[PDB]
Amino acid sequence: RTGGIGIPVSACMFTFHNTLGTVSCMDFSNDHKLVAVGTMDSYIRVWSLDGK
Amino acid sequence: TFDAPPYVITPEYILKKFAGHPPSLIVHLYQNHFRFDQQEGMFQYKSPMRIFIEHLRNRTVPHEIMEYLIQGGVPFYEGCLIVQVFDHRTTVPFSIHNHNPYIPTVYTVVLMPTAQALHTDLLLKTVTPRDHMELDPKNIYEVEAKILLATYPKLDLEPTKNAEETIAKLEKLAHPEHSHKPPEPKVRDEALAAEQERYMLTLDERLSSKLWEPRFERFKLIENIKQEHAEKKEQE
Amino acid sequence: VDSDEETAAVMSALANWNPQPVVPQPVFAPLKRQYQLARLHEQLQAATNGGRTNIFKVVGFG
Amino acid sequence: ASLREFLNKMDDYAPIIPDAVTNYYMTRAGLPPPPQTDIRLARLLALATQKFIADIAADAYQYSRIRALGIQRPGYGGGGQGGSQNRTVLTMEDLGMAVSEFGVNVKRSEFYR
Amino acid sequence: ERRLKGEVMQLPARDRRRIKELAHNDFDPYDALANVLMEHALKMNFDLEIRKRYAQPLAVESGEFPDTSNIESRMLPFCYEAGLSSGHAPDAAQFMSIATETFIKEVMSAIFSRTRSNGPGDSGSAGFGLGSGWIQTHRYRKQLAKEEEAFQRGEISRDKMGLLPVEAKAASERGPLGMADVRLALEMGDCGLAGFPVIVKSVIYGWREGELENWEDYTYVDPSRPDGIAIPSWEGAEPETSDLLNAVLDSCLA
Amino acid sequence: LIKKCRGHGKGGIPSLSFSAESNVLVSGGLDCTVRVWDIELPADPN
Amino acid sequence: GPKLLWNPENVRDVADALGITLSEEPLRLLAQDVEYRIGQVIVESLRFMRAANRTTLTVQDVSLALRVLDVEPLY
Amino acid sequence: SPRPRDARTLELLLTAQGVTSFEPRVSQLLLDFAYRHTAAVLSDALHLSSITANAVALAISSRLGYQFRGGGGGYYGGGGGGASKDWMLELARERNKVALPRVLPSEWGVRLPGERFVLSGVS
């Protein structure tokens with residue numbers, strides 16, 4: 001690798017609304033099909049990332 | 001630069017590499033007590049020094065007396081200790097009627113280092129005057145880091161693609177010192193003669209209590225006092 | 001009284017705060033180990049005569 | 001006095017605590033709400049809470065009444081003009097006196113300087 | 001950063017001076033660690049008397065509950081450590097032994113009351129009296145009341161220890177106190193051991209009860225089951241003489 | 001230490017991730033930014 | 001001793017509430033200890049705040065910090 | 001609006017440590033905690049007695065037996081519960097001496113602990 005610049009990259013952003021600062025941790029599954037959030041209210045919430 | 005030890009250290013490698021050198025320690029075992037080669041007294045198997053014997057059973061370095069080993073200049077061979085063991089195990093008392101004219105096997109073993117030994121070494125260096133002390137506590141971690149670099153220069157960093165390869169790697173990298181089974185659960189006529197003997201020992205100050213490790217402390221103290229007094233007299 | 005200098009000094013002083021204790025914080029361990037180590041030290045001090053005798057010395061080559 | 005009969009009579013012993021509060025605090029503690037848990041168990045828990053609060057009220061009312069030299073106890077700063085009329089006022093002093101018997105400390109400073 | 005200036009200048013000059021004087025503190029040499037580190041790495045010879053504390057076995061070593069004699073043996077070195085050159089009062093060891101028994105009884109009662117039920121009733125001379133008792137179940141209560149009335153009528157007799165048949169039957173089913181009960185009780189409160197963190201940490205960090213006996217006990221993940229779980233239904237070199245040396249050393253250790 | 005990368009603000013970088021060939025790094029920060037990092041810059045063509 | 005961030009006049013007021021008279025040395029000692037305890041609480045609170053990936057400190061974090069230190073809770 | 005001193009001071013100290021925001025009722029919580037600690041310590045010191053510095057030190061040492069076993073102490077600093085490091089080292093030595101469990105490829109990811117230690121029949 002002689003000369004040139006870095007590599008272009010695309011990004012997709014997921015945004016969560018009406019959380020009021022109760023969200024402590026977040027994680028994605030290995031195949032980008034599920035998302036899990038742990039909160040300050042002791043419970044976990046899981047969603048399918050495509051709405052099915 | 002220094003040579004690093006192998007992944008699994010065995011008595012054969014150490015005893016073959018370090019032939020022709022004097023052993024680190026020599027211990028003589030008797031029926032009820034043991035001693036060292038140049039020691040004058042004795043240690044009973046029921047005494048605190050029993051701990052040392054346990055190390056001899058587990059082929060571990062005895063860190064609990066490490067200071068005493070450093071004071072005496074005991075040699076180390078790649079962090080291990082070579083110990084030679086010599087084995088000699090294999091009428092009418094207190095009666096005025098008695099008459100009187102004036103009336104081994106050899107083994108060699110190797111003890112291997114542990115993590116508690118390194119912790120003890122660093123802790124001792126922290127309090128050993130030479131800056132003031134030999135090692136400043138704030139520099140401890142860095143020093144430790146360097147030591148690790150000299151003990152494990154090579155690691156297994158190649159990745160695996162599936163669980164079968166991880167299983168094979170865990171099988172291949174097993175260590176004898178960490179391959180034991182789980183421990184076991186915790187578990188919980190002469191009468192007339194004994195009664196007569198107890199009755200006949202009534203109001204006895206010392207013999208009654210029993211129903212013995214001599215340390216000669218008083219004689220050593222007297223000898224120290226005599227030496228000090230002789231030294232003081234010699235000055236004048 | 002310059003306000004910028006005062007603010008810088010106050011914030012720099014507050015950033016490096018490090019209180020000192022009045023008594024040290026205790027460290028806990030079982031009693032059995034303490035008693036055993038005390039006994040071992042007594043025995044070894046008696047054996048070595050306070051450090052005047054080297055009982056671990058080896059003479060010869062084994 | 002059986003537990004089965006008491007749980008079967010839970011229709012007549014519902015407390016004044018709304019179901020939403022019960023669900024919120026049960027979830028905070030770790031119990032799924034009455035859709036999956038029996039409604040009667042949740043009602044029983046709320047009734048126990050109401051009984052505990054009523055005990056803590058009956059005391060501190062006793063303390064207020066026996067109180068009716070003469071200076072306040074340090075550590076219970078609160079209040080304003082002191083109310084009006086010959087009415088009974090729930091003050092920090094009486095609540096602290098009462099809850100000290102349950103193992104709770106509620107002491108504060110009166111001024112800050 | 002223009003609000004910080006206002007916040008700082010709202011403080012009066014005395015507070016600002018006091019805050020600024022913190023810069024004169026000579027940092028943290030933390031030399032006081034040395035003593036702690038040392039802790040880990042005509043006249044009366046009081047050291048000789050003090051060193052007698054380590055010449056007696058501990059209760060855990062001898063298997064004996066401490067009594068007046070042991071406490072008396074322990075007292076004097078403590079007194080000489082603190083500079084109490086006149087010793088202790090003659091009546092202190094008995095007081096200490098009574099206090100120790102009271103403390104142990106309180107701890108054990110607290111542990112027992114959280115894991116047991118259906119104890120003897122207050123019919124006579126047996127039970128918890130005016131102290132704290134256990135819970136009861138409906139069937140046990142019914143049978144106990146029936147038997148108490150029957151005994152009052154003279155149709156029933158107690159055993160040699162004064163228990164009724166229902167009480168004796170309930171008692172016989174109980175077992176010795178195990179570590180699972182202790183672990184459960186410690187999750188409810190301190191049990192009186194707030195000042196002894198080592199005991200608590202020893203309990204928490206240990207093996208589970210029954211874990212070492214059933215080392216190969218396994219269940220499986222099964223989503224088609226009620227709970228998702230399926231239950232299956234040089235001379236003498238070491239390598240050539242290690243065994244002989246081990247035999248000799250085991251004989252020495254006994 | 002091979003090197004240091006700078007440019008994020010203060011507060012914390014909770015997440016990092018490598019690419020399939022480990023030649024690029026992606027980081028997410030509490031300053032409301034996502035940044036991409038070259039693990040080895042190309043040789044100077046002169 | 002060192003320079004103290006906590007003012008001994010607060011300790012003097014507290015001792016006033018209980019009818020106690022203090023000298024200088026015990027007053028300085030108590031002020032130093034109060035300052036050290038405040039520092040400990042702040043350290044634990046910041047630890048809890050950073051465990052949740054946050055830069056805002058709430059009353060819940062301070063309450064958890066007091067709970068972990070074996071302190072009687074405030075209500 | 002009025003605001004007591006030591007409150008502005010606590011808030012400035014918090015800001016200097018990297019906190020970008022805090023709720024209004026943290027300063028008064030800290031002030032009341034300080035009040036309670038001072039009252040308890042000196043009430044203890046009163047009984048051991050004019051009060052000297054030795055009585056205050058002894059009261060503090062006595063209180064340190066059942067609380068405040070935390071902080072950010074490092075080398076031989078009584079934090080994280082206050083346990084000695086040698087005791088932890090010997091516990092680790094006892095634990096790490098056992099061989100790692102043997103797992104077949106057909107039970108990797110699916111085998112669970114024994115029936116005694118799982119949540120069966122809990123509903």
Side-chain angles (χ1 to χ4, degrees), chain A residues 24-38 43-50 52, chain B residues 6-8 115 152 154-185, chain D residues 30, chain E residues 179-180 183 204-233, chain F residues 14-22 25-26, chain H residues 88 91-123:
Chain A
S24 308
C25 41
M26 155 178 322
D27 197 33
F28 297 127
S29 83
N30 49 314
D31 47 347
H32 318 292
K33 282 208 181 53
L34 295 171
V35 63
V37 298
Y43 66 92
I44 298 130
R45 200 150 169 190
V46 182
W47 322 62
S48 76
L49 272 167
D50 69 322
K52 302 287 137 272
Chain B
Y7 179 69
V8 164
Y152 312 101
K154 306 299 185 167
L155 310 162
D156 189 29
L157 302 183
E158 202 250 315
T160 61
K161 86 189 172 187
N162 48 46
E164 278 84 16
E165 278 181 333
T166 299
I167 290 171
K169 202 153 263 196
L170 282 171
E171 271 189 270
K172 183 206 77 179
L173 293 164
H175 205 282
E177 277 156 42
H178 308 267
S179 269
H180 300 88
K181 313 207 163 265
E184 257 90 355
Chain E
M179 262 313 179
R183 194 193 273 267
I204 290 154
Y205 293 163
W207 301 103
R208 309 291 297 272
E209 222 204 330
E211 168 159 49
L212 284 179
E213 301 127 44
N214 292 125
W215 196 235
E216 314 299 64
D217 230 27
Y218 296 124
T219 44
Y220 294 86
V221 183
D222 192 6
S224 101
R225 296 284 168 124
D227 290 302
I229 298 147
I231 315 296
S233 88
Chain F
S15 212
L16 304 148
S17 196
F18 283 98
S19 79
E21 309 280 300
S22 306
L25 186 76
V26 69
Chain H
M88 299 294 327
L91 293 181
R93 212 211 85 254
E94 292 319 329
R95 182 60 52 102
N96 303 341
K97 177 183 316 133
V98 195
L100 291 162
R102 52 193 198 90
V103 188
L104 288 165
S106 48
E107 59 212 9
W108 178 289
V110 307
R111 198 168 60 170
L112 282 175
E115 184 192 19
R116 174 173 204 152
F117 298 114
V118 285
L119 300 169
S120 311
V122 154
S123 324

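Values below: all heavy atoms of this structure, side chains included; hydrogens, waters and symmetry mates excluded. All chains are named by letter (A, B, ...) in the order of the sequence lines, taking the proteins before the strands, and each is independently numbered beginning at 1.
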Taking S48(A) for the side chain and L34(A) for the main chain, is one N or O donor matched with an acceptor at less than 3.5 Å?
no
Sorted by chain and residue number, the side-chain contact (heavy atoms from CB on, under 4.5 Å) partners of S15(F) (sequence neighbours excluded) come out as none
Q. More than 12 foreign heavy atoms under 6.0 Å from NZ of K169(B): is that the case here?
A. yes
Within a 6.0 Å radius of atom CZ on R95(H), are there more than 12 heavy atoms belonging to other residues, nucleotides or ligands? yes
Closest heavy-atom pair, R183(E) versus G206(E), reported as atoms and distance to 0.1 Å, is NH2-O, 3.7 Å
### Message
Looking at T160(B), is its backbone amide N or carbonyl O close enough to the side chain of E165(B) to form a donor-acceptor pair, meaning the two atoms are under 3.5 Å apart?
### Response
no
*May I ask you to check whether over 12 heavy atoms, not counting those of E21(F), lie within 6.0 Å of atom CD?*
no
All heavy atoms of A36(A) vs all of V46(A), minimum pair found to be CB-CG2, 4.0 Å
Check your understanding: After noting the C-alpha distance and the side-chain angles of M26(A) and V37(A), does the key distance pass the side chain to side chain contact (heavy atoms under 4.5 Å, CB included) rule?
Key -> CA-CA 4 Å; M26(A) 155 178 322; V37(A) 298; 4.1 Å; yes
Using a 3.5 Å distance criterion without hydrogens, assess whether the side chain of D227(E) forms a donor-acceptor pair with backbone atoms of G121(H). yes
- Task: Look at atom CD of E184(B) and say whether more than 12 heavy atoms of other residues, nucleotides or ligands are closer to it than 6.0 Å.
- Result: no
For this session: Find out whether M88(H) and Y205(E) are in side-chain contact, i.e. whether some heavy atom of one side chain is under 4.5 Å from a heavy atom of the other.
Result: yes
Min side-chain heavy-atom separation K172(B)-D156(B) under 4.5 Å: yes
When rounded to the nearest 0.5 Å, the distance separating CD of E115(H) from CD1 of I229(E) is 9.5 Å
Between the CZ atom in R93(H) and the CD atom in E177(B), the distance rounded to the nearest 0.5 Å is 11.0 Å
In short, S179(B) meets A99(H) closest at the heavy-atom pair CA-CB, 3.7 Å
Rounded to the nearest 0.5 Å, the NZ atom of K161(B) sits from the OG1 atom of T166(B) at a distance of 11.5 Å
On a heavy-atom basis, the closest approach of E107(H) and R102(H) is OE2-O, 4.2 Å
d(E209(E) CD, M179(E) CE) to nearest 0.5 Å is 8.5 Å
Rounded to the nearest 0.5 angstrom, the CG-CG distance for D222(E) and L112(H) is 10.5 Å
Looking only at heavy atoms, the pair that brings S29(A) and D31(A) closest together is OG-OD1, 2.7 Å
When every non-hydrogen atom of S120(H) is compared with those of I231(E), the smallest separation belongs to OG-CD1, 4.3 Å
Ring pair (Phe, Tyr, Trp, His ring centres under 6.0 Å) filter on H175(B), not counting sequence neighbours, yields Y7(B), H178(B)
**Message:** Are there over 12 heavy-atom neighbours, none belonging to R45(A), within less than 6.0 Å of that residue's CZ?
**Reply:** no
**Message:** Could you check whether atom CG of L170(B) has more than 12 heavy atoms from other residues, nucleotides or ligands sitting under 6.0 Å from it?
**Reply:** yes
- Query: Is there a donor-acceptor contact under 3.5 Å from the side chain of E211(E) to the main chain of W207(E)?
  - Reply: no
Across all chains, not counting sequence neighbours, the side-chain contact (heavy atoms from CB on, under 4.5 Å) partners of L16(F) are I13(F), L25(F), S27(F)
Exercise. Is the closest side-chain heavy-atom distance between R116(H) and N214(E) below 4.5 Å?
Worked result: no
Check: Would one find more than 12 heavy atoms of other residues, nucleotides or ligands at under 6.0 Å from atom NZ of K181(B)?
Finding: no
Q: Determine whether more than 12 heavy atoms belonging to other residues, nucleotides or ligands lie under 6.0 Å from atom OH of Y152(B).
A: no
